[PDB]
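Inside the fold
Given next are the chains, with one letter for each unit.
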Amino acid sequence: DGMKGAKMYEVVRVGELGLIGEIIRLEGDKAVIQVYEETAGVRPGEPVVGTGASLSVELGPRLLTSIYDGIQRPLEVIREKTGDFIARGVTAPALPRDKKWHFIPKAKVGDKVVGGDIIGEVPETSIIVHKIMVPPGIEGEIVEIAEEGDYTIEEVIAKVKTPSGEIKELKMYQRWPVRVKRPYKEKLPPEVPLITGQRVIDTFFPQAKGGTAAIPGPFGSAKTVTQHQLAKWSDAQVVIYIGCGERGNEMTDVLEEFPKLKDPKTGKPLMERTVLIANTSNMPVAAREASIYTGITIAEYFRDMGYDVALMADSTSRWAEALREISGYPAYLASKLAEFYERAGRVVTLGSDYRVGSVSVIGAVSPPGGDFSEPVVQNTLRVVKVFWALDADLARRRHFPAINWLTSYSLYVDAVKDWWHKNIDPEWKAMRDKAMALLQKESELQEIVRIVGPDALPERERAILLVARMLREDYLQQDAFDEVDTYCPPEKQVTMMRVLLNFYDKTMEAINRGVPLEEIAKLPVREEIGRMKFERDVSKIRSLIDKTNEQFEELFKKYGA
């Protein structure tokens, strides 16, 4: 199958990324056909045909509840050689041309439109209403519009007369070149947080809507469930998961053991608002490289409707073969990785109406074995604004989420504070700061203690260690498997925070009035505080502030004045 061209320097089975020609001809080739670098004059080698289209994607109904390969193809049955169910990639369509979709019209004849305007709605799943949009670059008068009825994606549902008089035929689906970012009016600054409902993240290391985050690879895909928790609970309407299986028999679990997963907000399946894109070891290198662009483009298309969408990537060892070298070492790959993360953001979308959408990207990276800088995570940490550091030692101590509070960071704390301050609690940022200071003090203290023993420690230092422990056990720790604590609403987060910090205030007060710490560690309210996370009524939690005050006051009257 591989012919002339100095014996093709790369893979030739069903792969891509071909570079024949003269000047600076880049990539792109399906089997033998693809134009990405303006063909007309690049035929060297064996017969190269080329249709003038680029690496498109096709965007419309049935993008949801769909598993694709890295360039969008099928949900394939397949089999196994010796292991379990695997994926190769079948050249099929992308969206069923036969399925009848229900089109609700949103415009009458004579309406002036621009690229982005919503001309119709299609109930795609029980969750997501699909929004049919005028493709970017198209504007004018609606001369013809469909009627409340059932149609397939290939049917023309609208016609637009452009300023020059050109009549444009527009359908329910639309192609867009991956590698070119879907346009928008404006990229908004980070301001609204992506609410995970996980205390440690939402409080100490927030993710912004349109933000960029990463989670490391000391893997234990089974030692961490935070990835799932993020997918289920984050207040994005649509999820695009690049399920890079390649990890034992992951693809088997990632296959038809996902439709059992329940979207906890609706009760319906999680798939009815999710698009899967597989990256197995039985796929071409280039069909993996293109996957993130296929993913991000489907993400961008959804935010254009005015949806918040989360894009979760999966590295699990994906360093491209890229054996070919000709022009010094081309170690510029970090730039295209930036190009990718650069496409993330909350934007004012196209359209006549003011409409906002976002694409938040959770990276989730992994180096070869140990040493977190070889060099995938090294480059990524320089690009992302948030890192949640999954720690194996923390996982062994059954501290969950195993998010290390000392090595994690988010550069969105200032960006999201005002939202928290205006909508939830005026003291939000003051409280996480104070809580972080406590946790930093503990870290310093526990180093010293390790050396010089716990004995010499004064009461004040023990008091800080007591409350730090509470902070770690009562707040940082969260039960993903509990009916109540699987999700913690903003309003609950700040309340739980208030009780803990108020107990701290009252502790340092009591110590300052010569109350022994052994007495405060015995205080009844403490064990109620340790239970908060399982109480669903925020008013009941809030009442522990008074209950604390009372018991501390009752402790003052047992002593002097």
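Positions along each chain are numbered from 1 by the written sequence. They may not match the entry numbering, and residues without coordinates are not shown. Excluding hydrogens and water, the side-chain figures rest on all heavy atoms present in the structure.

The deposited coordinates derive from X-ray crystallography, with the record listing a resolution of 2.9500 Å.

Per the PDB entry, the chain carries the name V-type ATP synthase alpha chain and comes from Pyrococcus horikoshii. The heading Subunit in the UniProt record of the chain holds the text "Has multiple subunits with at least A(3), B(3), C, D, E, F, H, I and proteolipid K(x)." UniProt positions are given in the numbering used here, feature names are shortened, and annotations may be inferred rather than shown by experiment. In UniProt, the chain has this text filed under Subcellular location: "Cell membrane".

A tally of regular secondary structure across the chain gives 16 helices and 18 strands. Looking at the chain as a whole, 49% of its 561 residues qualify as buried. A total accessible area of about 27,300 Å² is found for the chain, and carbon and sulfur atoms account for 53% of it. Helix numbering and strand numbering both begin at the N terminus, where a helix is a DSSP run of H or I of at least 4 residues and a strand a DSSP run of E of at least 2. Here's how the labels work: a residue is buried when its accessible area is under 20% of the maximum for its type, exposed when over 50%, partly exposed in between, all with a 1.4 Å probe on protein chains only. In short, Shrake-Rupley with a 1.4 Å probe defines the accessible areas, and a residue's cover is counted only from the protein chains shown.

Moving on: unusual backbone geometry. Residue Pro375 follows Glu374 across a cis peptide bond; omega there is -15 degrees. The step from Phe400 to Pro401 runs through a cis peptide bond, and the omega angle for that step is -10 degrees. Looking at the element boundaries, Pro401 is found in the loop between α8 (392-396) and β18 (409-410). Within the chain, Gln72 stands out as a residue other than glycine whose phi angle is a positive 70 degrees.

Quick look at a nonpolar patch on the surface now. A surface patch of nonpolar side chains, amounting to about 310 Å² of accessible area, comprises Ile448, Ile451 and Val452. Topologically, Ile448 is positioned in helix α10 (residues 428-452). The exposure class of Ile448 is partly exposed, given its relative accessible area of 49%. Within this analysis, patches are made of residues with over 30% relative accessible area and no salt bridge. Like charges are joined at 9 Å or less; nonpolar side chains (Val, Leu, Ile, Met, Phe, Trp, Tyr) at 5 Å or less. Salt bridge, as used here, is a side-chain nitrogen of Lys or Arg placed within 4 Å of a carboxyl oxygen of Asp or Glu.

Turning our attention to the sheet that holds strand β7 (residues 149-151). One key point about sheets: their strands pair by backbone hydrogen bonds, in either a parallel or an antiparallel sense. On the basis of which strands lie adjacent, the open sheet formed by four strands has the order β5-β4-β2-β7 and antiparallel pairing. Edge positions in the sheet fall to β5 (129-133) and β7, since each of these pairs with one other strand and no more. The sheet shows a mean angle of 40 degrees between the axes of neighbouring strands, taken without regard to direction. Strand pairing is assigned whenever DSSP detects at least two bridges linking the two strands. As judged from the five bridges shared by strand β4 (residues 118-123) and β5, these two strands associate in the antiparallel manner. In the sheet register, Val122 faces β5, and the bridge partner there is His130. Lines fitted to C-alpha atoms define the axes, with helix axes restricted to the stretch in contact, and inter-axis angles between N-to-C directions lie between 0 and 180 degrees.

According to the domain assignment, the chain consists of domain 1 (1-55), domain 2 (56-98 + 171-410), domain 3 (99-170) and domain 4 (411-561). Measuring from the centre of the C-alpha atoms in domain 1 to the corresponding centre in domain 3 gives 36 Å. Domain start and stop positions are those given by an automatic or database domain assignment.

The next subject is the environment of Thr294. Structurally, the position occupied by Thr294 is in helix α5 (residues 291-303). Overall, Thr294 belongs to the buried group, its relative accessible area being 1%. In this structure, the C-alpha to C-alpha distance between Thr294 and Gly110, residues 184 residues apart in sequence, is 35 Å.

By convention here, two paired aromatic rings are described through the distance between centres and the angle between planes. Aromatic pairs are defined between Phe, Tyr and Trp rings, using the six-membered ring for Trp, whenever the two ring centres lie within 6.5 Å; interplanar angles under 30 degrees are classed as stacked, those over 60 as edge-to-face, and all others as tilted. For the coordinates displayed, the defined rule picks out eleven aromatic pairs. Taking the centre distance of 6.5 Å and the plane angle of 80 degrees together, the rings of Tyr293 and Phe340 count as edge-to-face. Each member of the pair, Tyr293 as well as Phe340, carries the same accessibility label: buried. Judged by centre distance (5.3 Å) and plane angle (70 degrees), the rings of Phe503 and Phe552 are edge-to-face. Highlighted residues: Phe503 in helix α12 (residues 490-512) and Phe552 in helix α16 (residues 544-556), separated in sequence by 49 residues.

Next up on the list: the side chain of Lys492. If you trace the backbone, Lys492 turns up in helix α12. It is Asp485 that comes nearest to the buried, bridge-free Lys492 among opposite-charge side chains, at 4.2 Å. Here a polar contact is recorded for every N or O atom pair within 3.5 Å, except that within protein the pair must consist of a potential hydrogen donor and a potential acceptor, and residues adjacent in sequence are included only if both atoms are side-chain atoms. A distance of 3.3 Å separates the side chain of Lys492 from the backbone oxygen of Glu535, its partner in a polar contact. Each residue touching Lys492, except ones within four places of it in the same chain, is listed here: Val484, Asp485, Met532, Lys533, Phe534, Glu535, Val538 and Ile541. Here the positive residues are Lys and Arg and the negative ones are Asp and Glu; neither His nor the chain ends is included. Any pair of residues with heavy atoms lying within 4.5 Å of one another is described as a contacting pair.

Bringing the nonpolar core into the picture now. By size, the foremost hydrophobic cluster in this structure holds 77 residues, and its most contacted members are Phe204, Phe205, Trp388, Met497, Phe503, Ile520 and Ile529. Counting residues per element, this core draws most heavily on α12, at eleven residues. Each of domain 2 (56-98 + 171-410) and domain 4 (411-561) gives at least three residues to this core. Throughout, nonpolar core names a set of buried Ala, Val, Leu, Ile, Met, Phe, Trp, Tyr and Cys residues whose side chains join them through atoms within 4.5 Å.

Right, let's get into the pattern of salt bridges. Summed over all chains, the structure comprises 38 salt bridges. A salt bridge links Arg97 to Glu154; the nearest nitrogen and oxygen atoms lie 2.8 Å apart. Of this pair, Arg97 sits in the loop between β1 (66-68) and β2 (101-105) while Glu154 sits in the loop between β7 and β8 (158-161), placing them 57 residues apart in sequence. Given the relative accessible area of 33%, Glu154 is considered partly exposed. Each of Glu58, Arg97, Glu154 and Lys171 takes part in one network of salt bridges that share partners.

Our next topic: the environment of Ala392. Its place among the elements puts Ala392 in helix α8. Remark: the alpha-carbon pair of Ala392 and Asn404, spanning twelve residues in sequence, is separated by 9.5 Å.

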